[PDB]
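Taking the form deposited in one PDB entry, here's one chain by itself in structure tokens.
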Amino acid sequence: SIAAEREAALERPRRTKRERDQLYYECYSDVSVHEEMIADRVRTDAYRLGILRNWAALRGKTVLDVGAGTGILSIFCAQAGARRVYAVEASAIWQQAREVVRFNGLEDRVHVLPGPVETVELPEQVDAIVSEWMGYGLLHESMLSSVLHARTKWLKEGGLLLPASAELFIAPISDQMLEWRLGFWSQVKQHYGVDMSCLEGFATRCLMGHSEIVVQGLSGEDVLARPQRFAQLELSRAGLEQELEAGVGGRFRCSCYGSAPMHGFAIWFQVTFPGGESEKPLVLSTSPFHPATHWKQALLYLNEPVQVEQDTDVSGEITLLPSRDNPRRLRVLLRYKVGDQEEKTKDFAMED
């Protein structure tokens, strides 16, 4: 009755969250998002090889695949020699995953289970967990909590986690697409005979003055200083679920290579698969120096461009967290200082 009233107090927020989660899972009910993920060969091959590389530890064992999607990774586990895979999926796509499993003659080895991993009922604890949970800037979507919840509740003592860790990186960058778009108004006179160079200011406010994280792929030569690691996440680390709510990040400092128009920062990530005593640990990287992936990079624009020079000092602080309104939307708090300019603040939220 006091107990009853306490439940009645949490009923409203618990329902809002259920409704929110349901909108998020729907983001994965359509073909395109899976098409994109499986066409991403770097992503998909890193998982396949990461799994394969651990066939010795997986032979005859059991696996939980958190967010099975179309079932692909679960099937990788089955092919690696796993006795049993529980393919858990909260989005309507679990139906396609079930179809793929049956079509591949694997319905005895892979069990597709609908609904959230947080409330799924497995018949036993598992020897390994596999999950592709990473969002833009690693933490967009906030799926990691789900994976950690599954670990604490269902992974056997000393069990395997694929992947096992993640690292976050930041570098000052120059966006060539952005530069072209800002410069476009100065080109109008030469194409059509009307001087529109006075709109550069306006173009800059629209395209750089907003507070959204932008997903764009850059290449090596857009990076204006040595990339700095700013966070390391060891997935097995006790109560890391709390660290997430409070923010993950760190401070950074670096020195620019040379003359360049600086537009802001790129952040990206990598995840590491533990290796068997075969081949060693396999890194899946989303770096602009490395083969492109569907995550690209997450771009954080300064309000306007800043010219940097060789040995220009760039430092600051970055923290990744949930947005106030949408816990599944990535927020980035950026503190930064370029050259002799004063320290500045920008508070970004993931592009819809």
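Quick note: we count residues from 1 along the sequence shown, nothing fancier.
Beyond the structure shown, there is the form deposited with a small molecule bound, which is absent from this document and is the topic of what follows.
Stretch in contact, per heavy atom within 4.5 angstroms of the small molecule in the deposited bound form, of 139-147, 219-227, 154-162, 100-108: Selected stretch: 139-147.
Close approach of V306 to the small molecule in the deposited bound form, 4.5 Å, heavy atom: Output for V306 is no: heavy atoms all beyond 4.5 Å of the small molecule.
Partner proximity in the deposited bound form: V112 to the small molecule, non-hydrogen atom cutoff 4.5 Å: It does not: once the small molecule is placed as it appears in the deposited bound form, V112 has no heavy atom within 4.5 Å of it.
Partner contact for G135 in the deposited bound form: the small molecule, 4.5 angstroms, heavy atom: Yes - in the deposited bound form, heavy atoms of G135 and the small molecule come within 4.5 Å of each other.
Any non-hydrogen atom of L168 within 4.5 angstroms of the small molecule in the deposited bound form: Because a heavy atom of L168 falls inside 4.5 Å of the small molecule in the deposited bound form, the answer is yes.
Contact residue in the deposited bound form, chosen from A203, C256, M262, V248 - any heavy atom within 4.5 Å of the small molecule: The option sitting close enough to the partner is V248.
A128, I173, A80, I267 - the one with a heavy atom within 4.5 Å of the small molecule in the deposited bound form: Exactly one listed residue reaches within 4.5 Å, namely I267.
Candidate site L302, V314 and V338: all three near the small molecule in the deposited bound form by heavy atom within 4.5 Å: No residue of the spot touches the small molecule in the deposited bound form.
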